[PDB]
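Every letter in the sequence shown is one number past the one before it in full-length UniProt numbering, and letter 36, counting from 1, is 66. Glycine residues also receive a C-beta, built at the ideal position from the N, C-alpha and C atoms. All remarks here apply to the structure that follows.
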Amino acid sequence: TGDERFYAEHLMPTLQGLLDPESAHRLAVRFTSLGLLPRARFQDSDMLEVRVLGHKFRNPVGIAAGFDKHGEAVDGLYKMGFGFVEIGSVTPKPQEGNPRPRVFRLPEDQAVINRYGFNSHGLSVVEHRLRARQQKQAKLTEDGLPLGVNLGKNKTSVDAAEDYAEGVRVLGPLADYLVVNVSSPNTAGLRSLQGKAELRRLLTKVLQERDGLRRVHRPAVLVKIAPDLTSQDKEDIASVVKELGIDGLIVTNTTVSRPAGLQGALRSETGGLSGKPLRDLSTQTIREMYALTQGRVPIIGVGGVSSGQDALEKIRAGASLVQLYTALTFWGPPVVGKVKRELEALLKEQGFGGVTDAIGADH
Ligand SMILES: N#Cc1c(Oc2ccc(F)c(NC(=O)Cc3cccc(C(F)(F)F)c3)c2)ccc2nc(NC(=O)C3CC3)sc12
Ligand SMILES: Cc1cc2nc3c(=O)[nH]c(=O)nc-3n(C[C@H](O)[C@H](O)[C@H](O)COP(=O)(O)O)c2cc1C
Ligand SMILES: O=C(O)c1cc(=O)[nH]c(=O)[nH]1
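See the structure below:
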């Protein structure tokens with residue numbers, strides 16, 4: 031907590047204090063690619079290991095899509111101590127994304143509103159960049175560090191499906207799992223791909239392009255869903271997942287809600303709210319979706335995580351894996367070691383074989 035406290039109290043406040051929220055994120059990425067980051071002196075205890083989507087996850091804590099959108103800072107993230115990395119979302123053709131401002135700090139509610147709108151260097155590039163490190167990722171994967179690739183759609187793309195397929199084509203080989211981003215609040219009518227008829231059509235075309243690749247190339251296909259769903263929405267996504275045999279789910283993306291009693295002086299700003307106020311929704315949606323999948327669909331639980339307890343709660347409500355992002359903004363890179371550390375604790379304390387032995391215990 032010594033190094034953790036110092037980042038939380040000083041190094042980060044003075045940074046996020048110094049720069050606008052975006053420039054801060056841009057620097058964090060670049061510093062991570064350059065390797066200007068501290069060495070996490072935490073060897074993962076055999077406990078935290080998890081197997082799912084047919085892979086070995088040394089630890090269940092991973093980075094969420096949106097930090098390394100273009101896949102520049104892959105190694106840095108692993109050294110940070112993440113058990114698995116998820117880059118993206120990536121778009122077929124490269125695009126500016128919405129204009130700045132587009133990242134806002136809510137210091138007071140330990141949260142963040144973002145409306146990036148899928149800024150991406152495009153598949154054509156990110157390919158070259160993953161192809162370049164093709165071989166080290168291989169070793170990293172079979173050593174227990176898998177790489178996920180989050181797929182998106184261009185602003186002015188009429189059929190998202192043709193967009194994604196093109197994603198599964200280009201980056202599916204170099205991926206150990208693909209996320210179908212269907213949950214971004216910051217792109218035109220994207221959330222309408224969570225609809226039964228439009229979701230089934232989408233994932234059928236994605237899997238058609240997927241099940242059209244060399245077996246060794248074949249990545250796990252997952253779907254990222256928003257925390258803001260009707261009682262109906264959830265059920266239909268559950269159905270269409272199982273119905274199609276989708277390898278797993280991510281739960282959740284950012285919320286367009288603004289939970290009553292946000293102190294953030296920027297809470298009115300348009301976009302997806304990450305961090306603390308999302309924690310509850312995310313877990314309630316990870317739970318509800320487990321019951322609906324009958325626990326038979328691997329859920330990666332993301333949203334609000336910044337502690338060992340935070341993570342556990344997701345794991346216990348169906349989370350086969352966990353992810354965090356917004357935390358970093360406030361806790362710095364040391365938050366990764368911190369969650370893992372405080373997890374081992376609240377596992378042993380409640381008497382659990384490892385992590386697998388707590389996956390959906392709340393059920
Ligand atoms: N993680 C993180 C993170 C962050 O910290 C980083 C990130 C990568 C690094 F490599 C280091 N390295 C060091 O600290 C070590 C060091 C090296 C050289 C000099 C010094 C010193 F200056 F101390 F001398 C110290 C620190 C900073 C801003 C930031 N913004 C975020 N997200 C958002 O803004 C919103 C989008 C959500 S995450 C984030
Ligand atoms: C600035 C920012 C950019 C993001 N970009 C993406 C993205 O491109 N694709 C995606 O699937 N999720 C994106 N997310 C959502 C995160 O991956 C995650 O689902 C969400 O932030 C909740 O996790 P957290 O509260 O631990 O950050 C982004 C979040 C933030 C704050
Ligand atoms: O690109 C964005 O703005 C974005 C994408 C996504 O999936 N989630 C999010 O919160 N923002």
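Out of the options, state which residue places its alpha-carbon closest to the alpha-carbon of residue i.
i	options	result
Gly381	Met77, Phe61 and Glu39	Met77
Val115	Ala388, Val366 and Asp392	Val366
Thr386	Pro68, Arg88 and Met319	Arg88
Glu138	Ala347, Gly294, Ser337 and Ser213	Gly294
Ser213	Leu376, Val281 and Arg135	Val281
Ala190	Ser150, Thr121 and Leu292	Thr121
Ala347	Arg130, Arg240 and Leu311	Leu311
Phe148	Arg161, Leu136 and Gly182	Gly182
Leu292	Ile143, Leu107 and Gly127	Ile143
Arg309	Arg199, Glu343 and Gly92	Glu343
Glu196	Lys169, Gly101, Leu243 and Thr171	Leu243
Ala54	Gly65, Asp277 and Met42	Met42
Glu172	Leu66, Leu279 and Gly84	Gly84
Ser287	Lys272, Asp277, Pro307 and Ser269	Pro307
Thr300	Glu102, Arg130, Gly92 and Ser119	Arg130
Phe360	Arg159, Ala95 and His40	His40
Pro176	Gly333, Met319, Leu107 and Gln339	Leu107
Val332	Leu136, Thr284 and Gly390	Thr284
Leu66	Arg163, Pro51, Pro363 and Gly338	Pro363
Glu52	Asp277, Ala162, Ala268 and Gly96	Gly96
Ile330	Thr356, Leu358, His393 and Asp277	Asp277
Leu160	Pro124, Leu170 and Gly101	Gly101
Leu64	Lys109, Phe72, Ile93 and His151	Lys109
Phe61	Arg163, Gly383, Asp98 and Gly384	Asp98
Pull up the distance between the alpha-carbon of residue i and that of residue j, whole angstroms please.
i	j	result
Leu303	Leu274	30 Å
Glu379	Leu153	45 Å
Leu232	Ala141	32 Å
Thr44	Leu204	38 Å
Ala227	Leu220	14 Å
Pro90	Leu354	11 Å
residue 432	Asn211	Given a span of 31 to 393 for the chain in the structure shown, any question on residue 432 remains unanswerable.
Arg230	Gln224	9 Å
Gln165	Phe112	19 Å
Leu279	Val59	26 Å
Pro249	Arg240	8 Å
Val236	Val198	7 Å
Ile255	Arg297	22 Å
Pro257	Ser336	18 Å
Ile117	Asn180	6 Å
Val246	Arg35	44 Å
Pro328	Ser350	6 Å
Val80	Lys86	6 Å
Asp340	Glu192	37 Å
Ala103	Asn216	24 Å
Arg69	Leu57	18 Å
In the structure shown, what three-state DSSP assignment does residue i receive?
i	result
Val188	coil
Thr62	helix
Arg309	helix
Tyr194	helix
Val327	coil
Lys183	coil
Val366	helix
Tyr146	coil
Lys123	coil
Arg132	coil
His55	helix
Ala375	helix
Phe382	coil
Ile345	helix
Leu303	strand
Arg161	helix
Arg69	coil
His40	helix
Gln293	coil
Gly92	strand
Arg81	strand
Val335	coil
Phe112	coil
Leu354	strand
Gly178	strand
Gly242	coil
How about residue i: is its C-beta nearer than 8 Å to some C-beta of chain C?
i	result
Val200	Among the chains of the structure shown, chain C does not appear; only one protein chain is present.
Worksheet item: On the three-pair Cβ rule with 8 Å, is the region 38–58 touching the region 367–378?
Response: no
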